[PDB]
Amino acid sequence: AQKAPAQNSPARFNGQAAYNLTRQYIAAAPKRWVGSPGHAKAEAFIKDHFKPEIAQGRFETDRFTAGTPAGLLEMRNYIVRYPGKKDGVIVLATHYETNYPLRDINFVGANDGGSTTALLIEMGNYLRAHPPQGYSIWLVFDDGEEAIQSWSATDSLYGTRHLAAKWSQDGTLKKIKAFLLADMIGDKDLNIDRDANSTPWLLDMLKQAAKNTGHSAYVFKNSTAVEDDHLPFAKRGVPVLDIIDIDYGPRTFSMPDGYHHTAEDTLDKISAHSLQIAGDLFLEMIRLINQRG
């Protein structure tokens, strides 16, 4: 006996739409540090792109007061739910704000936050049109990922430390099959680093997803270990994967970290081709996680 084979293939992710959304997000809210009017415009942009989910009761605002070196700061995570047909949740996440210490330069985070906020908005468009047939998919737009003063275990990851604690306390973490973080994947010169902090079965699955989507040339050139929004989940036993390109721009004596955290992180540094690859990988990861069961 056997299942009847499916006669239709899934719709493809729209990378050009994700690129256009990045341009629109940067136009609407170029500087987005916590507390600023630009941050509020960024939040309005996200909400304006999830009106159906808001009307359906599938959009959550998770507001909290963070203790930071700059004092008490209000932060807001946003969670958009696409319920599936079986119990269990795949979370896709991105940060959406820009660095507070960079508030007085023209830092707009086009790749760093912008491209992945757009990626997940486009994922919402995709999932609204093509509802998930396996696990639920939840989209997380997290606040306060970047250090308020200087990166450390206490000054970073405010939104995900809060969200991981909230979901631990209420039992939600038990349901998470995988937490998939998108970070800095609009880079015109794209290669996803192999993050040793990510869960091995998810790293192996991303290598398989790249094979399946014809994108092996873009995955795992460099091996490293990344401190990012997946750590508060990983430290509580949640399977995590950081789909990140941390090698952003040419490293030189004067720019030892390339375009990362400089005013050169602009829209001319990202491409629809890279966002297409990223979205293809995310959709294939969802299929493979569903298959793993």
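We number the residues from 1 along the sequence you see.
Annotation for 170-178 versus 72-80: the higher mean temperature factor (C-alpha) is found in 170-178.
Of the two segments examined, 219-227 and 200-208, it is 219-227 that shows the higher average Cα temperature factor in the deposited entry.
Annotation for residue 16: C-alpha temperature factor in the middle third relative to the rest of the modelled chain, per the entry.
Residue 123 sits in the middle third of its chain by CA B factor, as recorded in the PDB entry. When the modelled residues of the chain are ordered by C-alpha B-factor, residue 259 sits in the middle third. Ranked by C-alpha B-factor against the other modelled residues of its chain, residue 47 falls in the middle third.
Residue 239: CA B factor lies in the lowest third for its chain, per the PDB record.
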